[PDB]
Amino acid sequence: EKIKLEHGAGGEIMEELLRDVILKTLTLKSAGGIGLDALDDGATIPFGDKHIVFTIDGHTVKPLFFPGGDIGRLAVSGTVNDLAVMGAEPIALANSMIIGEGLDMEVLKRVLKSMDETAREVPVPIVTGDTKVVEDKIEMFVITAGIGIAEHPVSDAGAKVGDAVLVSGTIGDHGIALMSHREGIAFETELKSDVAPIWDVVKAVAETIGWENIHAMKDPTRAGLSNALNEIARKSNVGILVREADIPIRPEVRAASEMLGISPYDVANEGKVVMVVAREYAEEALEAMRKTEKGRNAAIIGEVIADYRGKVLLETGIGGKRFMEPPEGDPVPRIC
């Protein structure tokens, strides 16, 4: 048996590898809070009356620079976002770089400058790092770890029947923008990735409704909105009913996705949060998101239900329903 590209594609195939190989081989998996067996966006560790949150992502996106972002902005954003969706204020990042021999020095400078600019948006410092250079023809991989502090960690397993399901903005932008760039699809301008840190969006909701009323979050990265909704449903042992017409999709993204033959629900987003909130606080949460720039296109897209546990239903027309199927993998190679 061999490792396949699908094992790195964020869908069912990767999930099976994590359950059957990673979780079964590693034995020391928790430091006292949310640990590896939870397979959540990060881990938590009790510290005083708060919690340290710890997360890591490798970044292998191609090309290194793309419309709306680059591997540097992605490395900072993705790790800040995994902290944010655990309910953690980012306090420090670590920057590992693995660089291909022969890369132009200006490319490294540009990636670093983008990392710094993006970090400054949060704000969060890059306090430690590492540099390796290999003869392999890889250009560059960037691996960021993050530490945050949460007063009240938010899991991906806390959804409750009756809760509202929100997304912080348009769906499909990153993956569709990336594929469009590769394929020479563009409109008046090129479609831009949404890659950005969204701690500001999460914090805005928390300050409005309180952490206790945010029941679940995930950032819909590899394998998309569909993967994120299916995982929350599965982990929370609930069904999720989504009204398809309420999912925000940029018109240019819809058009390009049609031309590409790719579902915008199944591709990574890089500047979004899926949030599940107490029913009575749904409108306040939505308003809090929409008051921010990065959450300006936020929408309530569905609700948590007691049946179809572990499944996601898509409602269309005047009431019809079908399943939103979780992808076997993100269909966009090297999306991340």
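Note that residue numbering begins at 1 and tracks the sequence as displayed. Under this definition, the rigid core comprises the largest set of C-alpha atoms superposing within 1.5 Å between the forms.
- For the pair 147-155 and 186-194, rigid core superposition yields a higher RMS C-alpha distance in 5 other deposited structures of this protein in 186-194.
- Between stretches 45-53 and 276-284, greater average Cα displacement in 5 other deposited structures of this protein relative to the shown form, fitted by the core, falls on 45-53.
- Per the records, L313 is modelled in every other compared entry, just as the shown structure includes it, so no third of them leave it out.
- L26, though modelled here, lacks coordinates in at least a third of the other entries of this protein that were compared and that model residues flanking it.
- For the pair 82-90 and 153-161, the mean B factor over Cα atoms is greater in 153-161.
- As recorded in the PDB entry, 309-317 is the stretch of 309-317 and 6-14 with the greater mean C-alpha temperature factor.
- Going by the entry's values, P251 shows the largest Cα B-factor out of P125, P251, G146, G224.
- Of the candidates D173, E258, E231, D116, the deposited coordinates give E258 the top C-alpha B factor.
- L241: CA B factor in the highest third of modelled residues in this chain (values from the PDB entry).
- In the deposited entry, the Cα temperature factor of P197 places it in the lowest third of its chain's modelled residues.
- Per the deposited record, the Cα B-factor of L166 falls in the middle third when ranked against the other modelled residues of its chain.
- The deposited CA B-factor of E207 belongs to the highest third of values across its chain.
- In the PDB entry, a CA B factor belonging to the highest third of its chain's modelled residues is recorded for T189.
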